[PDB]
Amino acid sequence: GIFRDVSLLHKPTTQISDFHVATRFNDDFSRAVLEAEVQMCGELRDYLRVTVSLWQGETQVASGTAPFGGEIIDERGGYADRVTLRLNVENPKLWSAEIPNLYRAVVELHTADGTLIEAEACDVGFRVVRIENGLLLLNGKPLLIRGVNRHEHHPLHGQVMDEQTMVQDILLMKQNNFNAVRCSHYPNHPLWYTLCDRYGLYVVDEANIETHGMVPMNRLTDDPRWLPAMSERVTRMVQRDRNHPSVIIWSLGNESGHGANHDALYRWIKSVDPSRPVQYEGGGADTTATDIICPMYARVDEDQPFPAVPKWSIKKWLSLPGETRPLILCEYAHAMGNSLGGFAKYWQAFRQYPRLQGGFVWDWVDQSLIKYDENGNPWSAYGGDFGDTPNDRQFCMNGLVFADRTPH
Amino acid sequence: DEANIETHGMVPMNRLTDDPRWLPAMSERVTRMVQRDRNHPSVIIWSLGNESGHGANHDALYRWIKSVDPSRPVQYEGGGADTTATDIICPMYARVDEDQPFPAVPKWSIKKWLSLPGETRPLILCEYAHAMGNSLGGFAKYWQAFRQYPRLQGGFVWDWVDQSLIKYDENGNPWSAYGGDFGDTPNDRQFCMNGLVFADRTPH
Ligand code: NA
Ligand code: NA
Ligand code: NA
Ligand code: NA
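Order-wise, the sequence lines are chains A and C.
So for the first sequence, PDB author numbering puts the first residue at 207; every next one is plus one.
So for the second sequence, PDB author numbering puts the first residue at 411; every next one is plus one.
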């Protein structure tokens, strides 16, 4: 169905068609350069200007203005319909999940005398995410991901999310010492990223690609006839969500094997957005399409030698010959019912080993639905209770909280 | 094959091996070992000595051996077992699962040690499972880890034979003596007897 919002947008004829923000730092994060790249569409005029202003609450921190016309990039010239503005920020307040310091960037398209055509705005967090020496660093410090997987689920409305349930989830996550959320396994509603900017949660943004049911699992993702369909799902996610400071890691999807389409889309993201690592689990969690070893349900001390995709123990996995990447479990500690036995063994290992940087618990909320029996009394239904066949019964309910957000 | 260099008693342990006035004396002990023993097929690893800290003389003698004999790896434990003077991480008595965070020379657990950032070398314990008397408890934990991890390639038990000496009491009956029994002072008593076999080569 139509499960998210429908809206109408009226734009002027000459308009801002796209804008990118990127933050670049010195060695001790005392000087930042906000590089803003604004694109227009419509008819170019020489009186058109772009002002990018940066605001910390009510005070204005930086500002720049420029006419259109980019730098020369090749033999044919540059982009006549693009600008790049570089704003110097001295001692910026850095964004993290601990302290979610945000700035407000306002992009004004206006004429040279000064009448405004259109303004756009986004929240800006100064943060750098990079992998050096095998460690995922945020602002020069190694992260420990206290993460949880979260589906968009409401027991009455299905997959329709409103703001009040999102705020209820984020408060319960931070009150239970979570600092990260994995968007499993699709891009969320756009308000979710804004709220994770505001309250402070790291977000793994994940493309809407899963072909778990295929035999073999990479039957579509190793086929170049499906590369246009897969690329749209990746490129339009990155184009929608690249300005959010809470998004720190891109994910190529879930459980799609490992085909050549993943390697191509991995390298596409590293080209357009070098500021975020890319992870991908399929094909054994340590393929060339991932910056981070991200196994699903690998154990702490026990190996699981499956043919061609073994799940090593996470302590062994780090020490395999030639292996240098950090390890962050994209799913671990499957919370199905009365579960999370041995959860302390993961967190003993996370604190002991530097390259084990945590993981994402599967998962946040039970996907149970509400039915009514005969007296109008509601009851929680799982797979099979709607006549669906075949179904997977109670494997839909893996949450740390019930569907009405009361805790397990 | 191990060079005859140990300056365990120095404070700090690299007082002589970081001094270039001792580099001629240290080099003779390394270069004449390699010149004597380089043709033996059983010698597979050169060792720069034992327990001498980590000085610049070790780095120079490491690179000397790699120049004259590229066919054998060079290992050296001193200075925290993972210095630039060793091809192999070779800790002494590092445990399987427990870290020992000593200042400036920590003994990590051997599973953790392999996975430290930027670390790629194999790990072979140059001394482990100290067999002093009634000992080798937890020896199976090492061999579970050796078989599970590829870059843990085993180790050398300390040690083979007790260093006990024979004295005679009053009837000519021999008895096994350890440190202190000859009037030597100060001495380290029974730490000389760490063997898997007795001094007459009967097994523990
Ligand atoms: Na860690
Ligand atoms: Na499930
Ligand atoms: Na091994
Ligand atoms: Na001894």
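The C-beta atom is built at its ideal place from N, Cα and C for all residues, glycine as well.
In chain A, which residues lie with their C-beta within 7 Å of the C-beta of residue i?
i, result
"C:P527", "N339, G340, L341, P560 and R561"
"C:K522", "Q558 and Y559"
Classify residue i as helix, strand or coil using the three-state DSSP reduction.
i, result
"A:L401", "helix"
"A:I337", "strand"
"A:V409", "strand"
"A:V330", "strand"
"A:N355", "strand"
"A:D280", "strand"
"C:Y578", "strand"
"A:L426", "coil"
"C:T441", "helix"
"A:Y552", "helix"
"A:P596", "coil"
"A:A311", "strand"
"C:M420", "coil"
"A:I305", "coil"
"A:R431", "coil"
"A:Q374", "helix"
"A:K347", "strand"
"A:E296", "strand"
"A:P396", "helix"
"A:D447", "helix"
"A:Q573", "coil"
"C:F601", "helix"
"A:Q381", "coil"
"residue 638 of chain A", "The structure shown does not extend to residue 638 of chain A, since chain A spans only 207 to 614, so no value can be given for it."
"C:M436", "helix"
"A:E369", "helix"
"A:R251", "coil"
Grab me the residues of residue i's own chain with a C-beta within less than 6 Å of its C-beta, minus the 5 sequence neighbours each way, in chain order.
i, result
"A:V440", "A413 and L471"
"C:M423", "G463"
"C:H614", "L606"
"C:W518", "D509"
"A:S269", "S259"
"A:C402", "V409 and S452"
"A:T317", "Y253"
"A:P348", "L341"
Looking only at its own chain, which residues have a Cβ that is under 8 Å from the Cβ of residue i, when we skip the five neighbours before and after it?
i, result
"residue 692 of chain A", "Not covered by the structure: residue 692 of chain A. The range shown for chain A is 207 to 614."
"A:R611", "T371, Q374, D375, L378 and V571"
"A:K551", "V506 and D507"
"A:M542", "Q600, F601, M603 and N604"
"A:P218", "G248, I323 and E324"
"A:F556", "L350, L562, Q563, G564 and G565"
"C:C500", "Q485, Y486, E487, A491, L533, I534, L535 and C536"
"A:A286", "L250, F274, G275 and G276"
"C:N597", "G589 and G590"
"C:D579", "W585"
"C:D479", "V444, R448 and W456"
Take residue i and list the residues in its own chain whose beta-carbon comes closer than 7 Å to its own, dropping the five residues that flank it on each side.
i, result
"A:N297", "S236"
"A:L426", "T417, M420 and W432"
"A:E326", "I222, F225 and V313"
Q) Which residues have their C-beta within less than 6 Å of a heavy atom of ligand 2, listed in chain order? A) A:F601, A:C602 and A:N604
Q) Which runs of the beta strand (DSSP E) fall wholly inside the region 464–547 of chain A and span at least 3 residues, in chain order? A) 533–538
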